[PDB]
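Structure first, commentary second.
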Amino acid sequence: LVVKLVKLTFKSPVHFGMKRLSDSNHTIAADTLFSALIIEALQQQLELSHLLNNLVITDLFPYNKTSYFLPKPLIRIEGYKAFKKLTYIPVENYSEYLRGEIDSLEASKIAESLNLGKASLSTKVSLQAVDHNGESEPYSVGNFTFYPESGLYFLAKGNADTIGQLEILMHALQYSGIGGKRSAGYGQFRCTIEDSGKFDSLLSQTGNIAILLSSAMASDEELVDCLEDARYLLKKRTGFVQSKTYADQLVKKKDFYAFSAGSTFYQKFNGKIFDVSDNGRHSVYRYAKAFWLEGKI
Amino acid sequence: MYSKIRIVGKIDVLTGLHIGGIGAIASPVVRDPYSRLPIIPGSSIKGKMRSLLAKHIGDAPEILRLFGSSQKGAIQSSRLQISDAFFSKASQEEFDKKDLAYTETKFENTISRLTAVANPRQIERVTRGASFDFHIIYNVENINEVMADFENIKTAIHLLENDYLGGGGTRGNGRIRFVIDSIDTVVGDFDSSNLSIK
Amino acid sequence: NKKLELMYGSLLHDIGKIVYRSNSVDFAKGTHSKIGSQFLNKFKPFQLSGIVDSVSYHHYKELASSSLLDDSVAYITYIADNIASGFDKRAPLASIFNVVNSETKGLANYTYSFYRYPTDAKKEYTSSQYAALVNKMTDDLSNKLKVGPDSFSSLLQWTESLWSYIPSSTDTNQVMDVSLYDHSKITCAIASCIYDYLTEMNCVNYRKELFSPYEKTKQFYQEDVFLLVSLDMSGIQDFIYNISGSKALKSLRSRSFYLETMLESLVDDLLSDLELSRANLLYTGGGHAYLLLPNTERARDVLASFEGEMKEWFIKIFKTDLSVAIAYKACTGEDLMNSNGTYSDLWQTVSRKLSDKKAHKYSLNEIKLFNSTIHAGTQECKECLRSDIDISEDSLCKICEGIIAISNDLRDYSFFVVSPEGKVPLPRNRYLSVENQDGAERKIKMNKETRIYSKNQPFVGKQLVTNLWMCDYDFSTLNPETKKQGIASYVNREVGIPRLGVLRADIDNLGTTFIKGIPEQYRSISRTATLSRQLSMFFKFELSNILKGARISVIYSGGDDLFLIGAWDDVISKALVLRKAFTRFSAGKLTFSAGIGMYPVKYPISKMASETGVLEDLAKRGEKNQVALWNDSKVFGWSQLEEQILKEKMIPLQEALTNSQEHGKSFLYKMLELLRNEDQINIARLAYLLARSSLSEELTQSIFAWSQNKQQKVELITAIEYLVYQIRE
Ligand SMILES: Nc1ncnc2c1ncn2[C@@H]1O[C@H](COP(=O)(O)OP(=O)(O)NP(=O)(O)O)[C@@H](O)[C@H]1O
Ligand SMILES: [Mn+2]
Ligand SMILES: [Mn+2]
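Chains as they are written, first to last, in the UniProt record's numbering: chain A, 4 to 81, 89 to 307; chain B, 1 to 21, 28 to 64, 75 to 214; chain C, 2 to 87, 106 to 133, 139 to 753.
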């Protein structure tokens, strides 16, 4: 389908948490962005059919000046700690990395050439108890401040109406903000949706190996044929349900284990919008569809 | 449908503002990690407006629906998304001329009641001429509660102008004055030509 | 019990070298093997035929005129010596680092004296010292030692306590870095594998299989006889350091210790299934363990079942939080001796198979059952943040509740008993508890197949304990008042900023040191195993002595890395002391980089370890021999921080400001403001500030000179900042 590149330039620090408020991550998986889009769609009274059935997004990935970073393929490298610590590889160097042609020095240089932001930890207080004859609670919020030319990007696959709906949702999401403290000043961004030229070239290529770009997960039927000779990384996608309608009290979603971006499979699998709710008033959607970027190993 | 109102303007400092947390500083202010510019956290603006609005009203439903709630049964999404107020480019250029530092060290002491000896202290404060670009998003979840909420926002901002932002503003610090550059509805059909702050 | 005799015989086969060096009583001019037979025959329990023939007939000339039973294990010991090994009576044990990285940093002459440090000072082992060693061996063997299937583990530790610094070889033509303990342990490890391999083939007569034509002695080195097995725990960093709560600081040491004992338990399970002692365990460090197993079909079936079982248990208890990957590669005798040059390739392929195992960690069923969750937790533990496991009161998961219970017992006791009833779960339906000597003895008496571990203990009488070298330094336990608040007591200071300091050290290019540091002619299974043991014994044991007297708690040392939490200045000072001592221990040839952080109490534990891990990564950039102090801007060299920042700059400022009535803290702050900007005017204002600062005239010129030159002003800023933190009421 058509592939539109969405570039997110962030006005303020963003709090992307892994398991704690103190955590300060520089990216969010596709499940985190997709839940942001579903929340935005339900707010704007939009239909969820396009997001749930036809939209295939990828993880938010770092990008800085004159470079677009893709996740490190989990391929066997035929100085090995340079690739172990490497996380994101520029698109211009992505085709090279799959074939080889990357020394330990080059990978170390690539990792240091990621000029994506700087993490920190702001410490705040809760004077709610102070009024009630108590003491302030100093809590820490970990936030990430992107550099002026840096930010996150993600590609979107869909029809004309699915992409057009995502253009509306991304415009509304600029002001809702992505992150974990968006109501306390953490997560504002401006996004531009443009047809991807270089990325369409990278997605047009067809190699023997397939590389995940989004946090995905195969259904039971697809996991039978895809796991053979696969190199992946199961990530525990956890959290609490963010909704006023789901329950009277905030409850956690069912633990969902999804493959990390960059996992390489010799058999492509189409993921699913898994349901991680437990008898809640509505079904909580955890995105696990697969955005495949084939490559030659 | 759902609407979002973007209030953007200036927070002019009227007296040295210290919101506590580059190197070793005695009671440093909170700064942007990258640019090392003093900032006013959105949680500090949100907390001070919530504190002043709670005193004005009297948690109350008006405060809970405006600044968010997480209590059992009544979970209200925060309509006010007060972003971090970053040091403006205009005040950076204005402070570059005069070679004036963005922040100043204020020296005080504490004369003991028992011994009448002065124990010195230092708190860093953002200099008076500073201005911070504030960016507030009000989510119009109800088209009927927007006028009442924007009345509450104006009341909380009016209280904040007569009060201090973060720091020991009872002893002078923190005094600020809001200026609204524009109030434009970025998302949705709601109109804010009638809506105003201050 | 022919296996048991061989294990006793291979470990004590070169005991005659010690007695021959002493030349104390009845020196019959015979071979060290004959002396060993004479010495061991003096004790009835060790007078078994298998042990004595192995000790006396482990060389070619002895075996040519052996006249043995043709099935005796002396042939197996002879091969084990040839694989392990492949005159000056009073010679010191040359440090292994004399050979490490000799291509790049040259050859050293550092040798040990009779933990111990190499000196590089020419020295000899006095024969009276060897005589005292022989006297102590006689006392241990006669009274405190016995021969039995469960008593060899005590013998292996007994050899470790004594022979760890005795040279195994004294031939002056070849360098002697392998200690007698290392060569005997590797000989016993290889002999155990060869015995199993020959049993699997059901070869009735050993001599024609191994030694008789002498051409099948070379052929046996060409046979795939051993397995190089590496089992590596994953998720250790996230398990231990990613915790929350006020109890996180107290329980941090317990979480790391739990993984240490779990890894030891995993190895002891693998060795107990193989009927092998700890001698086959080449190394066990930070979540890692290398073993040398026989190439028998039985061993491969044991490994496959053990790997599948530990996956079942780790999923049962920890799911994806913790896991173990096991990889094995068949290697020959010539692989271990490096005769063909394929020794390093063998280790690279084993780790390559391990990395392949780590990628495809889980299978079809395990992945599906991960996503087959019936009930959302709706309740989580404060520390582990786990909802799938049952959470009791105090909002703690069952594992972390046991971890907290292990705390307040780890400090007091030194015995970790793996038993059917305990506090934290362990594989094989067992649990781990920390008890005193009486409590541990009770537990082992009640129910068999119960293991007991002793921490940093000297060798003691006959018992089923296993010696574990663990760094348990904790300054708070010294004072009962500070024992209540373990690490948070270091925040309490009369003067100085209360902030804690976190030190994360890591040796540079340790993997490159093992693969490329040892030259081809000096690479072997025994030479490498010695290097693993010296590095392990430095972190596990020597770290406690280095950080003595400092307000520092050792979360982990383990092989290559380090984690300490303590007073911010004590951590910095002991980081420099540890760097200097590490240079002495390694005699150069190995540098480590460290990140040092300044975090208050109640700072997130995960953020304390993560931000310091980022700093260590910054120090790992470039030539890697750097320390990243506090901010990422202060990535100094080790000599630069110790000498230029502190002694050359910070100390003159502290002495000058102390001499005045007030300890600065106002000139220092004004100095920092004028040093933060790059303006030409701020230099002039700094000149005026120094002139009015009312200190010595030659110091103001020095401070002005320091601020002038880049890479020297940042040292001045760090000197001022260190001084400012040193004085905070
Ligand atoms: N008991 C322990 N306590 C603290 N740190 C430990 C302990 N054991 C090992 N470590 C350290 O943590 C590392 C293991 O963490 P782990 O999460 O397994 O990462 P890794 O070494 O990159 N292995 P992997 O996750 O499989 O790629 C070791 O290399 C040590 O640096
Ligand atoms: Mn290392
Ligand atoms: Mn390490």
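Note that CB positions come from ideal geometry on N, CA and C, so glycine has one too.
Shown here, residue 302 of chain A sits in a strand according to DSSP, grouped into three states.
Cβ contact annotation for residue 193 of chain C (same chain, cutoff 6 Å, sequence separation greater than five): 200, in chain order. Taking the Cβ atoms as the reference, residue 125 of chain B lies roughly 6 Å from residue 137 of chain B, within the contact range of under 8 Å. The alpha-carbon separation between residue 550 of chain C and residue 203 of chain C amounts to approximately 9 Å. For the region 614–692 of chain C, the full-length alpha helix (DSSP H) segments reaching 4 residues or more read 629–643 and 675–683 along the chain.
Between residue 107 of chain C and residue 59 of chain C, the gap from beta carbon to beta carbon reaches 8 Å or more. Around ligand 3, the residues whose beta-carbon falls short of 5 Å from at least one of its heavy atoms are C:530, C:584 and C:585, given in chain order. Nearest CB-CB separation between residue 192 of chain A and chain B: below the 8 Å threshold. Taking a C-beta cut-off of 8 Å against chain A, the contacting residues of the region 85–100 of chain B are 86, 88, 89, 91, 92, 93, 94, 96, 97, 98, 99 and 100, listed in chain order.
Against chain B, a Cβ distance below 8 Å from residue 748 of chain C picks out 30. Straight-line measurement puts the Cα of residue 323 of chain C at about 18 Å from the Cα of residue 348 of chain C. By the CB criterion at 8 Å, residue 553 of chain C and residue 298 of chain C fall outside the cutoff.
Not flagged as an interface residue toward chain A: residue 187 of chain B, since no C-beta distance is shorter than 8 Å.
Residues 617, 643, 659 and 661 of the same chain have their beta carbon placed closer than 6 Å to that of residue 650 of chain C, with the five preceding and five following residues left out of the count. Around the CB of residue 453 of chain C, fewer than 16 other CB atoms lie within 10 Å, so the residue is classed as exposed.
By a beta-carbon distance limit of 8 Å, residue 218 of chain C contacts residue 80 of chain C. Their separation comes to about 6 Å.
21: these are the residues of the region 8–21 of chain B whose beta carbon lies less than 8 Å from some beta carbon of chain A, given in chain order.
The beta carbon of residue 534 of chain C sits closer than 7 Å to at least one heavy atom of ligand 2. Straight across, the Cα-Cα distance linking residue 118 of chain A with residue 106 of chain A is about 15 Å. Separation of residue 39 of chain A and residue 133 of chain A (C-alpha to C-alpha, rounded to the nearest whole angstrom) is 26 Å. The region 30–44 of chain B makes no contact with the region 176–190 of chain A: fewer than 3 CB pairs, one atom from each, lie closer than 8 Å.
Around residue 410 of chain C, the same chain offers 421 as residues with beta carbons nearer than 6 Å, after the five sequence neighbours per side are excluded. The contact set of residue 49 of chain B on chain A, defined by CB atoms closer than 7 Å, consists of 134, 194 and 195 in chain order. Annotation for residue 234 of chain A: the continuous alpha helix (DSSP H) segment containing it runs 230–236. About 6 Å separates the Cβ atoms of residue 266 of chain A and residue 395 of chain C, confirming a contact at the 8 Å cut-off. DSSP lists A:296 as the bridge partner or partners of residue 284 of chain A.
Chain order gives the chain A residues near residue 401 of chain C as 262, where near means a beta carbon separation below 7 Å. Contact annotation for residue 412 of chain C against chain A: 265 [CB-CB distance below 8 Å, chain order]. Shortest gap from the CB of residue 283 of chain C to any heavy atom of ligand 1: under 7 Å. The straight-line gap separating the alpha-carbon atoms of residue 115 of chain A and residue 156 of chain A is approximately 26 Å. Between residue 498 of chain C and residue 572 of chain C, the alpha-carbon positions lie close to 9 Å from each other. Looking at the DSSP output, residue 303 of chain C sits in no beta bridge, so it has no partner there. Those residues of the region 99–117 of chain B placed with their C-beta closer than 8 Å to a C-beta in chain C are 115 and 117, ordered along the chain. When C:144, C:688 and C:441 are compared, the shortest CA-CA separation from residue 611 of chain C is found for C:144. Not one heavy atom of ligand 1 falls within 7 Å of the beta-carbon of residue 178 of chain A. Closest in C-alpha terms to residue 206 of chain B, from the list B:196, B:168, B:130 and B:158, comes B:158.
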